[PDB]
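1. just to be clear, this is only the beginning of the complex, oriented as in the whole thing:
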Amino acid sequence: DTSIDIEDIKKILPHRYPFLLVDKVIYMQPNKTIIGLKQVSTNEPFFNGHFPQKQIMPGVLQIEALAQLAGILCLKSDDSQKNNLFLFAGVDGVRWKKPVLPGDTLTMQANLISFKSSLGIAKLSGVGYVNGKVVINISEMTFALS
Amino acid sequence: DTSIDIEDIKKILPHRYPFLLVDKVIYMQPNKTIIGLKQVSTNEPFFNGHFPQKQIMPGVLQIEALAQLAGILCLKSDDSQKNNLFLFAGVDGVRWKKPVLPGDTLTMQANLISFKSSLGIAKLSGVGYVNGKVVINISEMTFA
Amino acid sequence: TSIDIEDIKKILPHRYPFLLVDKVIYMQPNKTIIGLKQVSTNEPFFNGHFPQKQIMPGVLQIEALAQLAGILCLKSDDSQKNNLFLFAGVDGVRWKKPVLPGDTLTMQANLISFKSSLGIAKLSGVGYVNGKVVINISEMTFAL
Amino acid sequence: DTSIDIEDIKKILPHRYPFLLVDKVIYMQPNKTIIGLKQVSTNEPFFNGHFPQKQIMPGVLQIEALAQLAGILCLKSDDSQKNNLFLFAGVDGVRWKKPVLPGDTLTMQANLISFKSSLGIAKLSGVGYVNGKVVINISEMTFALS
């Protein structure tokens, strides 16, 4: 198996509609890496405003999606700190290569770099794909246990 | 490269948010068959109400998506009738086999049975798949 | 009996924007149920169906009847303390007239069969706007 | 006795979703009176917030509905001022008697009192009903045209 459907995602993360952007976790290795996806449908509430004339997934939400996927890893790698409210502290080295569109499946991988659990400091890298091609690159995502 | 993306789907169907349920058309043969997809995400407005404790894509929206996909075939097979507001006339032989969940891709095939080049009205069959498994069966969708 | 929207939510798990029964105006356990849905412009599906012309999607008329059908099943028999029913099949649906903002949709469902703790219920359904037939359904089948 | 339907109402009023609260106009007399209705359904977006435990139509939106209805009468009594963006200027003597609930029909009547072609100063009274019973009573609505 090694899979996780949205009901169990909701037990881990606090995020709800309209700001839960991880539909499924397909693979996870604690303290190491996590693979998951987000489905991109026209029937999402952000598309109307971005944009009326042309529907492109906001890249900033692509950041959020990966961050949430990254958040799951930390929470399942270490839950000694029984607090699932993770906040973005800093993000670095983001480059967007290709528009993500309604219809695409967004395949995401996040890799855990450093964890000093006593503080609440987690650093991660992230890559997002569509059809095996790189759409979003993230060098370093910094998250805070508050 | 025979396929239709969101923008051109919106040039064909009048449907908009939150009731446009075709993301992509991946194959189409005029007057014969159409294959498309709808991505199923937690970030869709119906899941909060269906249901709070357990997110299941309402089966009636699976009828809707397949029927919108069917509607594209009718309109691209014959646009002499320059009007894109078709209405569902009836539906028959719907069985739901498996839940459709956030994370799935809904792959849909609609097959044209009859088009009345005399009376007026289209009849089509529909099938929807998740990971190759059959989730929805529709014997006959009726259009006018 | 009558049943208010507060008591309806005590029976059905459906929440916004997918609860499509406003009131149940008559009920007879194991036999028949009469209810209503008020159709207003101020509903979230009307923007997307359609921008140029607001017609209540026929599939939601299926949804509403079947939600009203579900209430009858849960009140006729609740030994199965499960309110999460799912649509299993629907057969013989025919839409006669567009349902519009301003309309009251008066709905009747008639219980045909119930196989106890197998959890199979079969029901017929009709909808009306101004005494006129707008939706007919031969058979709604549920997995209790 | 032209029944007025959703589409033609939208041709009179600039209001759109989720702030158009007239579904139909069933009777109109230019410069005199107007009767219309608003259908009250659970499937409206304001009901989740007002209130989670008990759905009651916000009394203020009942004001807004009569205000839109009255606004239809003004625009169909006199459109020499081809500016359909009318704003609320004052409201006086509003009483609420009964809760307006999902499933109800809100039947609304507005009566024109005064109208000066000089600025957009139109004064109107208004009553709302559910099952013939009075639910909202308004002595005077004052509307300024921009």
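-> That came through fine. Numbers count the residues shown, from 1 in each chain, chains lettered A, B, ... in the order given.
2. and chain A, which residues reach chain B?
-> Contact residues (C-beta under 8 Å from any C-beta of the partner chain) of chain A with chain B: A:5-7, A:9, A:17-18, A:20-24, A:37-45, A:47-48, A:54-55, A:101-105. (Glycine included, C-beta is placed from N, CA and C.)
3. buried subset of the residues you listed?
-> Using 16 or more other C-beta atoms under 10 Å in any protein chain shown as the burial test, the residues of chain A next to chain B include A:5-6, A:9, A:20-24, A:37-44, A:47, A:55, A:101-105 as buried.
4. can you tell me the SS state at the residue nearest to residue A:48 when sequence neighbours are not counted?
-> Nearest-residue entry for residue A:48: residue B:17, 5.4 Å, with adjacent residues in sequence omitted and distances by C-beta to C-beta, 6 or more residues apart in numbering or on different chains. Classification of residue B:17 using DSSP: H, G, I helix; E, B strand; the rest coil returns coil.
5. cool, the one 5 residues further on as well?
-> Reducing the assignment to helix, strand or coil with three-state DSSP, the entry for residue B:22 is coil.
6. in this structure residue A:125 contacts residue A:110, no?
-> Yes. Contact criterion C-beta atoms under 8 Å: residue A:125 and residue A:110 qualify, at 6.8 Å.
7. and for these two, which residues touch both?
-> Counting by C-beta atoms under 8 Å, 6 or more residues apart in numbering or on different chains, the shared contacts of residue A:125 and residue A:110 are residue A:141.
8. now the sequence for chain E, which goes on the structure above:
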Amino acid sequence: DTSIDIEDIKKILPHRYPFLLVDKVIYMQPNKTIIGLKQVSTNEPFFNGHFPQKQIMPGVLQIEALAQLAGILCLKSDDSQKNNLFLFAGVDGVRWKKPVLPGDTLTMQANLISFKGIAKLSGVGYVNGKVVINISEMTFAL
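-> Time to bring in chain E:
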């Protein structure tokens, strides 16, 4: 005073999205007065309908904001009646002076007149220290 932030507002009022119209209470004196604010942003769900061509905060929603602020005062002034569902009963003498727009900060004050639940309150809203809305009398019901 001491502020009542958002989370604590939701513990006093039963109102939720999209009908909670009080963002913050900056000062409150039980049985006397309450001062609060509502941030007016374009990213609010009513602005698309009011209006497509020109975004103006509906006037009746400013009544609702002040009526919710008033509501906080009543419920904290006396919670012997531990029923937070207070309903509008009457409103009298409303006069809107100026359009409230996206970008503005709506500063609001409600003043308790009488309490017997029967509570009467006056209300005033400001944008840039300028009066946008006046309310002589709000009447409310349990």
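9. quick check, central residue of chain A?
-> residue A:66 (2.1 Å; C-alpha atoms, centre = their mean).
10. contact partners for that residue?
-> A:108, A:110, A:126, A:128, A:136, A:138, A:141.
11. how close does it get to chain D?
-> 30 Å (C-beta to the nearest C-beta, to the nearest Å).
12. then residue A:97?
-> 37 Å.
13. can you name the farthest residue from the center of chain A?
-> Chain A, farthest from centre, C-alpha atoms, centre = their mean: residue A:53 at 26.9 Å.
14. follow-up on the earlier one: neighbour count added to the contacts of residue A:66, as TSV?
-> Shown next, in TSV, are the contacts of residue A:66 (neighbours: other C-beta atoms under 10 Å in any protein chain shown):
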residue	neighbour count
A:108	25
A:110	27
A:126	25
A:128	27
A:136	23
A:138	22
A:141	25
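15. and of these, the nearest to chain D?
-> Of all the contacts of residue A:66, the one sitting nearest chain D is residue A:108; the distance, using C-beta to the nearest C-beta, is 31.2 Å.
16. surely the closest one is in contact with residue A:40?
-> No. Contact between residue A:108 and residue A:40 fails when scored by C-beta under 8 Å: they sit 11.7 Å apart.
17. if I read this right, residue A:62 contacts residue A:134, doesn't it?
-> No. Using C-beta under 8 Å, residue A:62 is not in contact with residue A:134; the gap is 11.8 Å.
18. who has more neighbours out of these two?
-> Per other C-beta atoms under 10 Å in any protein chain shown, whichever of residue A:62 and residue A:134 has more neighbours is residue A:62, with 23 against 13.
19. go ahead and add chain F:
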Amino acid sequence: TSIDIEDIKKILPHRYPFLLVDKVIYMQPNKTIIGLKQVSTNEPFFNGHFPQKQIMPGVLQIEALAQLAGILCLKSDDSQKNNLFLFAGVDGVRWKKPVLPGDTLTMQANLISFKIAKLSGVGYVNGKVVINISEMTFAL
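-> Adding chain F to the chains above:
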């Protein structure tokens, strides 16, 4: 030169629920831009971020500053009559303080290079720094 939001929608193509600039208070073409976003509870994202605690998601603060940035670009040079710009990359973002219901978010974007347009961006609540962005990169 001061501004109301009807004109902002004539510049930017973003609409509800993804227009995140309410007012432009100052703009010097090819140089700097000062704007604001009002943070209210009556905003659609707050229900999901989070149920128990309402905090403006940091990524949407990037979105606000970047929309403010894209206004400067479109007014500084509209020879390229395409108002659909797209984020290409963003670098050196640090979040110092939560943005909450009740706050005003005062934003400043400073144009660095234009051939591809680069910009820095800072966000304040009460004159105190909440968000810092070293480099935003755009591709119209």
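20. please reconsider the contacts of residue A:66 now that chain F is part of the model.
-> Residue A:66 neighbours (C-beta under 8 Å, 6+ apart): A:108, A:110, A:126, A:128, A:136, A:138, A:141.
21. kindly report the same for residue A:102.
-> A:40-42, A:47, A:55, B:5-6, B:23-24, B:39.
22. farthest pair within these?
-> A:47 and B:24 (14.1 Å; C-beta to C-beta).
23. residues near residue A:132, how many?
-> When neighbours are counted by other C-beta under 10 Å, residue A:132 comes out with 6.
24. swap in residue A:109?
-> Neighbours of residue A:109 (other C-beta under 10 Å): 18.
25. do the same with residue A:3
-> When neighbours are counted by other C-beta under 10 Å, residue A:3 comes out with 12.
26. I figured it hits residue A:28, correct?
-> No. Judged on C-beta under 8 Å, residue A:3 makes no contact with residue A:28 at a distance of 9.2 Å.
27. up against chain F, what does chain A have?
-> A:14-20, A:45-46, A:48-54, A:56, A:58-61, A:63-64, A:67, A:85, A:87-96, A:99.
28. out of the residues you listed, which end up buried?
-> A:14-15, A:17-20, A:45-46, A:48-51, A:56, A:58-61, A:63-64, A:67, A:87-92, A:94-96.
29. nearest to chain F among the contacts of residue A:102?
-> residue A:47 (8.8 Å).
30. my guess is the closest one contacts residue A:54, does it?
-> No. In this structure, residue A:47 is not within contact of residue A:54 by C-beta under 8 Å, at 9.9 Å.
31. pull the distance from stretch A:23-34 to the chain's centre.
-> A distance of 11 Å separates the centroid of the chain from that of stretch A:23-34, by C-alpha atoms, centre = their mean, to the nearest Å.
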